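The listed protein sequences correspond, in order, to chains G and Z. -17 is the number of the first residue of the first sequence in my numbering; add one for each residue after it. 42 is the number of the first residue of the second sequence in my numbering; add one for each residue after it. So the structure is just underneath, and the comments pick up after that.
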Amino acid sequence: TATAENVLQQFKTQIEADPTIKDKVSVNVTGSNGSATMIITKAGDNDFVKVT
Amino acid sequence: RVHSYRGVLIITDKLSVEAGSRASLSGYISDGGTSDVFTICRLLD
């Protein structure tokens, strides 16, 4: 709860610091200010991932 | 938009090892062998 880039970076750090799920998924952020974007994909042995 | 990202370069390999083996053996039909003492003999009953 509060640019767009500064918002997504918060989520990326949270997931990477989560005790679980971080080893199972991969996250990535790119873009500046208003063109910020995030990418989430399957990682490790985990075969399924969803976002909503 | 047009965006790009980066990932870690991953490579795979198959390393395996093997040794081989050998054996040997040498001999001959013996006669007399070897004795420190070797002298003419007389054997009575």
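Beta carbons are placed, not taken as given, at the ideal position from N, Cα and C, and that holds for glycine.
Report all residues from its chain with a CB closer than 6 Å to the CB of residue i; omit the five preceding and five following residues, and keep chain order.
i, result
"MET20(G)", "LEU(-10), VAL11"
"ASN28(G)", "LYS6"
"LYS24(G)", "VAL31"
How long is the line joining the alpha carbons of residue i and residue j, rounded to whole angstroms?
i, j, result
"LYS32(G)", "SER62(Z)", "56 Å"
"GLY48(Z)", "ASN15(G)", "22 Å"
"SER8(G)", "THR(-5)(G)", "12 Å"
"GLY13(G)", "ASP0(G)", "24 Å"
If you drop the 5 nearest sequence neighbours on each side, which residues of the same chain put their C-beta closer than 8 Å to that of residue i?
i, result
"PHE79(Z)", "none"
"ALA(-14)(G)", "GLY13, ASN15, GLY16, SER17, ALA18"
Kindly list the residues whose CB is nearer than 7 Å to the CB of residue i, restricted to its own chain and excluding five residues on each side of it in sequence; keep chain order.
i, result
"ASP5(G)", "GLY26"
"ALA64(Z)", "none"
Residue range of the alpha helix (DSSP H) that residue i falls in?
i, result
"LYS(-6)(G)", "-14 to -1"
Beta strand (DSSP E) containing residue i: first to last residue?
i, result
"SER8(G)", "7 to 12"
"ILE21(G)", "19 to 24"
Do the segment 64 to 83 of chain Z and the segment 42 to 54 of chain Z touch if we need at least three Cβ pairs shorter than 8 Å? no
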